[PDB]
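S.K.: Sequence, then structure. It's an experimental one.
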Amino acid sequence: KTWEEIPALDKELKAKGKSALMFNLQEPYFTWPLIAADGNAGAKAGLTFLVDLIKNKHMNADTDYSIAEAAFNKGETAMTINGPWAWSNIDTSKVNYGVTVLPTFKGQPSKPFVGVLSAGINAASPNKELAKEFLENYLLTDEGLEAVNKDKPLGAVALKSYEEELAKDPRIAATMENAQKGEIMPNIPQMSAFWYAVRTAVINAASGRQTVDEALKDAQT
Amino acid sequence: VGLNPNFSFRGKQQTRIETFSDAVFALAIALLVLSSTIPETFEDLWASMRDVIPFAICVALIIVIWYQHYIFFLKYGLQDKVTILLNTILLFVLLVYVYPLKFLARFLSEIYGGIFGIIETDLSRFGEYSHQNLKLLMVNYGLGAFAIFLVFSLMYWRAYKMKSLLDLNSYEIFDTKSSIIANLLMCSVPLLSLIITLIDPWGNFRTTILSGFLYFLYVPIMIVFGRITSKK
Amino acid sequence: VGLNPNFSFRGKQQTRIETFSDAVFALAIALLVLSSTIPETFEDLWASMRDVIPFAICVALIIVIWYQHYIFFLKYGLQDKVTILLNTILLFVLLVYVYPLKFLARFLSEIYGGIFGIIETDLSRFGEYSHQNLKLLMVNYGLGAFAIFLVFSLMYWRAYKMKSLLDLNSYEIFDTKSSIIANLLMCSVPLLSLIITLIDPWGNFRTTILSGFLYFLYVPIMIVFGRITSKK
Amino acid sequence: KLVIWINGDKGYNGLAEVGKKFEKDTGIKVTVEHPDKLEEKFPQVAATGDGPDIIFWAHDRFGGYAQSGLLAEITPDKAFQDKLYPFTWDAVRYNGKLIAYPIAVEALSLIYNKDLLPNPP
Ligand SMILES: OC[C@H]1O[C@H](O[C@H]2[C@H](O)[C@@H](O)[C@@H](O)O[C@@H]2CO)[C@H](O)[C@@H](O)[C@@H]1O
Ligand SMILES: [K+]
């Protein structure tokens, strides 16, 4: 239920030839919840913990989406941090899985960023009216979203008609739980430069180049 | 058969905890009645039939607890250490309050018998009706009721804590949360009498009147506590 | 194993209501026997063996109720609030009449013992055999029997009320309807003694003779009530 | 060609499976049609044109067809007659003449969703 009790659990699991937690450390979207759990003082706390996990050899230095996914699906790691989309691949494997609340850090919850999957029409396209037809009458329909969802889960769909079906799924409940503890990302043009600043900062601190104090300095600029 | 249409009953199969529990409930209601002496003469026979009103009240009370138990184990199908622990605490409280309930039920049946005018038999058999004794009466039975509902709240909270392990959906999570609130709200009324009696503001029977009067205003006082949390 | 070949048994799986119920029935017949004192000497041992005739009559009576219970829960597999309520009322009545049955069975065993000429022991142990006491004897046990059959009728009517939910076929509907009638017809005989005793037309033992004589004419009087409804 | 008129809310596909067994044992085609407003299209078409060979509808509409002269008198032998309930034959009788073959008794019931409503009104 807490981030701070993972090192103990990892010691226990490493004795039996298993990892505790493996997730994508390269992409900052996955590390941000821990960083933003308290908050600055909050970013310094959250990141130092993440740095200590790699320093204590609990997590690998270059842990990416593929080796994390594969390890969990194989049955090598006890935990992983991922989205709705990842569930179908677990179902394919013979792993009795559960989706739950993200661990708390310094008592307070880990605040994961909330994304709204969205379809936009390219300004330089001649098929603008044909795409509108596809999006409205064929995709954003009960039947249409069902098709996408049975391949790889969408999460909490924007369609009003899908509320009953969403509410019947335990994994969706866990997703909504984390979404409430998190916050929706602003759409602003500066998001790109922000994400890049966090992507470098996390990689530098993970590998062992820049200090945790110096990471937030370069990122705030 | 079931309370909610959106709830997926994990405990349709009978288990040892439930079997054991059924034995205890059956034993409680059975020994309450059959702890009495066997009539040897016509006089004893008629005396023993005066006990049915007190017993009906006791039995009604015990099955109500049994029902809540049935519904909990039906909902979650739980069987872990902590559930076993909380379950034992429940049955323990039940058991220690079986004979005291027989007592209270007989006592109140005589008091209400006198009021309505059905009978006119003595209450000197029960001992002296003093302020200290009447206060201890509230504190005792009040502490009993509080505990039962307190334990039901803890049991539902244990299921809430294992929501993911139990694969609880949004409807089931909501039910569980509502069941905790219900049991805590039920718990508060005896907690409020008990506290009022233990402080004893008036230093006389007035204390006992108020403490006793909270049970008659169960439904309205429960609504006040529920309304306070929703208004904020 | 089953009563009807056209009936689809919904209650083949054991449930909590049935498990609880089995505990109570087992406890009733067990404590009836084992409520007696432990023999400490040869004299007590022989005394205790005189109790087997009264106990056999009591036990036979209780399993007959258990059987009806077994068949009902087998037929419908019911587990709702109202079924729980009616089921509790049943077990409650059973329980309050366990020790009174022990009494009646011992009393009647002495009376029939005197008649046949097996024994010649005193009935003064039971108290004075007065008109009022012998009337209360009928009213008591008559009220008990009436209630048990009344409850069985209510239980079958609850299943009839849920015929669609239970997916009852034309044969099953017919059985259910017949089971209601059976239990009401069974119920009437004790209802008729009880009423005759409570009015007391003669003002003497004659009342008790008639009231008692309706049980000996159970089968024929049941046929009269059944024939009256069919003739119209 | 054997043509049958029955309502679209009924089992015309199943009626066709019976018709398919008939063609195997005789050689006659059995087509099953379900046109809209057949209860009021039959007495107009069958009077003037050809229409169907056999018409399927609830017994209530058949007296009007019988009075108008749009239906042949049914003459079934005792042994066939005895296979059906005597009360059913009464429904298909107009002025002491059998005007149809009884198939089944139909009555409306309350259909309810047990999940949304376990104890319905
Ligand atoms: O990693 C930073 C990256 O995170 C988010 O992208 C998510 C995307 O939203 C998810 O759907 C998922 O596929 O993973 C991506 C990260 O791996 C932001 O949306 C994006 O701007 C940002 O670059
Ligand atoms: K005892």
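M.R.: It's in. Numbers count the residues shown, from 1 in each chain, chains lettered A, B, ... in the order given. Ligands and ions are numbered 1, 2, ... in the order given.
S.K.: give the contact list for the closest residue to residue D:29 other than its chain neighbours.
M.R.: Nearest non-adjacent residue to residue D:29, counting by CB to CB, 6 or more residues apart in numbering or on different chains: residue D:1, 4.9 Å away. Just so you know, the C-beta spots here come from the backbone N, C-alpha and C atoms, and that holds for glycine as well. Neighbouring residues of residue D:1 by CB atoms under 8 Å, 6 or more residues apart in numbering or on different chains: D:28, D:29, D:31.
S.K.: can you tell me which of these are in strands?
M.R.: residue D:31 (DSSP state E).
S.K.: Between the contacts of residue D:1, which sits nearest ligand 1?
M.R.: Closest approach to ligand 1 among the contacts of residue D:1 (CB to the nearest ligand atom): residue D:31, at 57.3 Å.
S.K.: How about the contacts made by the spatially most central residue of chain B?
M.R.: Taking CA atoms, centre = their mean, the centroid of chain B lies closest to residue B:145, which sits 4.8 Å from it. Counting by CB under 8 Å, 6+ apart, residue B:145 touches B:187, B:189, B:190.
S.K.: quick one: secondary structure of the second one?
M.R.: So the one you mean is residue B:189. Using DSSP: H, G, I helix; E, B strand; the rest coil, the structure places residue B:189 in helix.
S.K.: how many other residues sit next to it?
M.R.: Residue B:189 is flanked by 21 other residues according to other CB atoms under 10 Å in any protein chain shown.
S.K.: Distance of it relative to residue A:196?
M.R.: Between residue B:189 and residue A:196 the computed distance is 59 Å (CB to CB, to the nearest Å).
S.K.: residues of the longest helix seen in chain D that come out buried?
M.R.: When chain D is parsed with DSSP state H, its longest helix is helix D:12-25. Buried residues in helix D:12-25, defined by neighbour count with 16 or more other CB atoms under 10 Å in any protein chain shown: D:12, D:15, D:19.
S.K.: repeat for stretch A:121-132
M.R.: Within stretch A:121-132, the residues that count as buried by 16+ other CB under 10 Å are residue A:131.
S.K.: Also stretch D:1-10?
M.R.: Neighbour counts over stretch D:1-10 (16+ other CB under 10 Å) mark D:4, D:5, D:6, D:10 as buried.
S.K.: so residue A:33 touches residue A:112, yeah?
M.R.: Yes. Residue A:33 lies in contact with residue A:112 (CB atoms under 8 Å); the separation is 4.1 Å.
S.K.: what touches both of those two?
M.R.: By CB under 8 Å, 6+ apart, residue A:33 and residue A:112 have these common neighbours: A:102, A:182.
S.K.: next SSE after the helix or strand hosting residue D:80?
M.R.: For residue D:80, the host element (DSSP states H and E) is helix D:78-81. Using DSSP H and E, the next helix or strand after helix D:78-81 towards the C-terminus is helix D:86-91.
S.K.: Against which helices or strands is the host helix or strand of residue A:52 packed?
M.R.: Counting by DSSP H and E, the element that carries residue A:52 is helix A:41-55. On a contact count with 3 or more CB pairs under 8 Å, 6 or more residues apart in numbering or on different chains; DSSP states H and E, helix A:41-55 meets helix A:28-35, helix A:191-207, helix A:212-220.
S.K.: Spatially nearest residue to the residue nearest the centre of chain D, not counting backbone neighbours?
M.R.: The residue lying closest to the centre of chain D (CA atoms, centre = their mean) is residue D:56, at 2.4 Å. Once flanking residues are discounted, residue D:56 sits nearest to residue D:6: 3.9 Å by CB to CB, 6+ apart.
S.K.: Pretty sure residue D:35 is one of the things that neighbour touches, is it not?
M.R.: No. Counting by CB under 8 Å, residue D:6 stays clear of residue D:35, with 9.8 Å between them.
S.K.: If you tally nearby residues, what's the number for residue A:17?
M.R.: 7.
S.K.: Tell me how many other residues crowd residue B:13.
M.R.: Neighbour number of residue B:13 under other CB under 10 Å is 9.
S.K.: filter the buried residues of helix D:12-25 down to the ones close to chain A.
M.R.: When those are filtered against chain A using CB under 8 Å from any CB of the partner chain, no residues are retained.
S.K.: Please identify which of those is nearest to residue C:105.
M.R.: Using CB to CB, residue D:15 is the member of the buried residues of helix D:12-25 that lies nearest residue C:105, at 68.7 Å.
S.K.: Report the contact partners of the closest one.
M.R.: D:4, D:6, D:32.
S.K.: switch the cut-off to 10 Å
M.R.: Contacts for residue D:15 (CB atoms under 10 Å, 6 or more residues apart in numbering or on different chains) come out as D:4, D:6, D:30, D:32, D:34, D:56.
S.K.: Are we agreed that the first one is in a helix?
M.R.: Spelled out, it's residue D:4. No. Applying three-state DSSP, one finds residue D:4 to be strand, outside a helix.
S.K.: and it, bridged to which residues?
M.R.: residue D:32, residue D:54 (DSSP bridges).
S.K.: Could you measure from it over to chain C?
M.R.: 31 Å (CB to the nearest CB, to the nearest Å).
S.K.: do the same with the second one
M.R.: According to CB to the nearest CB, residue D:6 and chain C sit 28 Å apart.
S.K.: surely that residue meets residue D:42?
M.R.: No. At 11.1 Å, residue D:6 does not count as touching residue D:42 under the criterion of CB atoms under 10 Å.
S.K.: For chain C, give me its nearest residue in chain D.
M.R.: Using CB to the nearest CB, residue D:118 is the residue of chain D that sits closest to chain C, at 6.3 Å.
S.K.: Count the residues that sit near the residue in chain D that ligand 1 sits nearest to.
M.R.: Residue nearest to ligand 1 within chain D: residue D:115 (35.2 Å; CB to the nearest ligand atom). As a burial measure, residue D:115 scores 8 neighbours (other CB under 10 Å).
S.K.: I'd like the buried residues of stretch D:1-10 as JSON lines, with distance to ligand 1 appended.
M.R.: Converted to JSON lines, the buried residues of stretch D:1-10 look like this (distance: CB to the nearest ligand atom, whole Å):
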{"residue": "D:4", "distance to ligand 1": "59"}
{"residue": "D:5", "distance to ligand 1": "59"}
{"residue": "D:6", "distance to ligand 1": "56"}
{"residue": "D:10", "distance to ligand 1": "52"}
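S.K.: ok, so of these, who is nearest chain A?
M.R.: Checking those one by one against chain A (CB to the nearest CB), the nearest turns out to be residue D:10, at 29.9 Å.
S.K.: Skipping adjacent residues, who's closest to the closest one in space?
M.R.: residue D:56 (7.2 Å).
S.K.: quick one: contacts for that neighbour?
M.R.: Per CB under 10 Å, 6+ apart, neighbours of residue D:56: D:4-7, D:10, D:12, D:15, D:32, D:34, D:38, D:42, D:100-101, D:103.
S.K.: And those residues, which is closest to residue C:113?
M.R.: residue D:103 (71.0 Å).
S.K.: Surely the closest one and residue D:84 touch.
M.R.: Yes. Assessed by CB under 10 Å, residue D:103 is found in contact with residue D:84 at 9.2 Å.
S.K.: Give the residues shared as contacts by these two.
M.R.: Here residue D:103 and residue D:84 have residue D:92 as joint contacts, going by CB under 10 Å, 6+ apart.
S.K.: quick one: the helices in the chain?
M.R.: In the absence of a named chain, this looks at chain A. A:6-15, A:28-35, A:41-55, A:65-74, A:87-92, A:128-133, A:142-151, A:163-167, A:170-181, A:191-207, A:212-220.
S.K.: Chain B is the one I meant
M.R.: B:16-34, B:42-50, B:52-76, B:81-96, B:98-116, B:131-161, B:170-199, B:206-216, B:218-231.
S.K.: Nearest to residue D:51 among those would be which one?
M.R.: It's helix B:170-199; of the helices of chain B, that one is closest to residue D:51 (CB to CB) at 56.2 Å.
S.K.: Is any residue of the closest one near chain A?
M.R.: Yes. Counting by CB under 10 Å from any CB of the partner chain, contacts between helix B:170-199 and chain A involve B:170, B:171, B:172, B:173, B:174.
S.K.: who wins for neighbours among those residues?
M.R.: residue B:172 (24 neighbours).
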